[PDB]
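Next come structure tokens for two forms of one protein chain, structure 1 first, structure 2 second.
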Structure 1
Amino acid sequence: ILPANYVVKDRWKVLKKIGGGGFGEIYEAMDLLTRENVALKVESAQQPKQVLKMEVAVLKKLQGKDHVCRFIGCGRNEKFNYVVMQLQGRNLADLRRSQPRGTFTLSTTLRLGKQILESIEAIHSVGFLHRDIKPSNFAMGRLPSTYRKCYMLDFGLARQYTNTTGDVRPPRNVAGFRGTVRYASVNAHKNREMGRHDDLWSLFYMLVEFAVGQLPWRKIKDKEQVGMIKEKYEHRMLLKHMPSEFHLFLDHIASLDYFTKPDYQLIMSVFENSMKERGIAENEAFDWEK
């Protein structure tokens, strides 16, 4: 879409593409007013998708919370809509690729899991589901105060599950899924309305992939095939080389439906007890700091 050295609205000079192909394209850009590098996400106003407006709404509702990028600006024209946000470092999928065996140490995996769980709690606390939890949607900070912090990205698939009063809206009988196949829960595969527990299913799949390097359905492209494996796969065997406490995490989320609030502290305890058991210190160096 936007070429290099294109200047959005005479302020944001495109430098490179850093991601795209989903509901949007995101660029690293130079903010010519502040002279600071920023992230610039663009959506064609001609796409079927019309999401960036709610990305900003979610983004400003989470402003100030940890693991959330700062909103810098947004705008629209006849060709595309855009949002400008704080630039973060490399994403967790990139970092996992660049590890020699495609795996993180358990020290990194468990401490990442704690941070991602916190950000999932955060967006759930403002009444929104993420619905596209995956490694490429999390990135480490890029500043001296943020580089050991994980940042939640891409609210383009987010949906409000509460209403104005804090009550939970009824789920639809069916809901289309337009997210990423690899880390979707079986509920998502079955076009069921996603709930808070489905964001946690994605976290569970992420952490298994981090520690083990792969998921059984890694190569499989056909979505509707992928759901069939997950529906038939015995998930306890994913935990062969995970800490034993992950059985509690698996058992809990497998028990949930759309209507039941997750026991977030149970999952947090699984991570924290796993770390204490291996003597993993919170301030230990991450794998890529090595």
Structure 2
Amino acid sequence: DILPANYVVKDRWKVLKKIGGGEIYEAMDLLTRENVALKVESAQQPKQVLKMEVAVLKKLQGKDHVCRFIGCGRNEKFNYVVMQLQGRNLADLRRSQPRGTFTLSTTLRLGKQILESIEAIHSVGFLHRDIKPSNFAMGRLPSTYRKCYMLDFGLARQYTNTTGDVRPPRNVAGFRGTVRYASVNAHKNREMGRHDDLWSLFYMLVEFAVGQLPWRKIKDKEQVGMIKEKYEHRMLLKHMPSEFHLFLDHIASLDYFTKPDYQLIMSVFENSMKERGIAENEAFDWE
């Protein structure tokens, strides 16, 4: 641990505990009195990622589904970022379910919220590249307990320049993220694009509603990729709503350069809800 418990950052943020490990801590804000999330990076670290995380978090201020930026700093021993602390993550909430599945109501409403977060990061010129259940968390306040938040920009990459031109893909781009929700393109070590974050959303939603993915037990990265490539994705949609074939067909047609049709995907969730009598004001499964 970079920071021991009770350490005070800039005479304001007192360390309570390590939440996930850079390193992420729950801290006490001695000025405002609320608890906050505090992420640190050792100043000696070769590849410096938190400077990029701060840039992403700063460009997203105003958009829904992002933590409020509180502060940041650099010092001789560490670099740090302070942000609004969230609550329960989607991976822990799903494993807490009696069958390890969410209802279609929860799944569809989480899908809408995550897609908005995905379109938001893409609208500021970044790819997330690590879309997975544990990188999304519900709020911890009366005003945020039904809002889903996008977390961890440690694997993000700018896909544009200053003029909004799509930057050239590299010939090979070594994939760094998690295996389970990675698209086939990511497994092939090809430059990831906006469609690859949408592929991850698709695998997440299948898992939420079904409780498992076919490659779940496989640990070897290469084996998972080979199963995914050969796997008939239509078979994943057996117990999923019918419109998801439009979601799957659309993302399968995209390439690195092509801007996705976020409204086509959003209609897929909105029409699946409407055709089942699902309302926005509905209670989530953990409630």
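Between two forms, the rigid core is defined as the largest C-alpha subset superposing within 1.5 Å. All residue numbers here follow the sequence of structure 1, with the first residue given the number 1.
- Large C-alpha shift between the two structures, rigid core held fixed: of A158, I220, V186, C74, this applies to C74 alone, with a displacement of 2 Å or more.
- Core-aligned CA deviation for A254 between the two structures: less than 2 Å.
- Core-superposed comparison between the two structures: the CA of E55 stays below a 2 Å shift.
- Superposed on the core, the two forms barely differ at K276: its CA moves less than 2 Å between the two structures.
- Comparison between the two structures places the CA of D10 4.5 angstrom away from its other position, after core fitting.
- Aligning the rigid core between the two structures leaves the CA of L33 offset by 3.0 Å.
- Aligning the rigid core leaves the CA of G64 displaced by 1.7 Å between the two structures.
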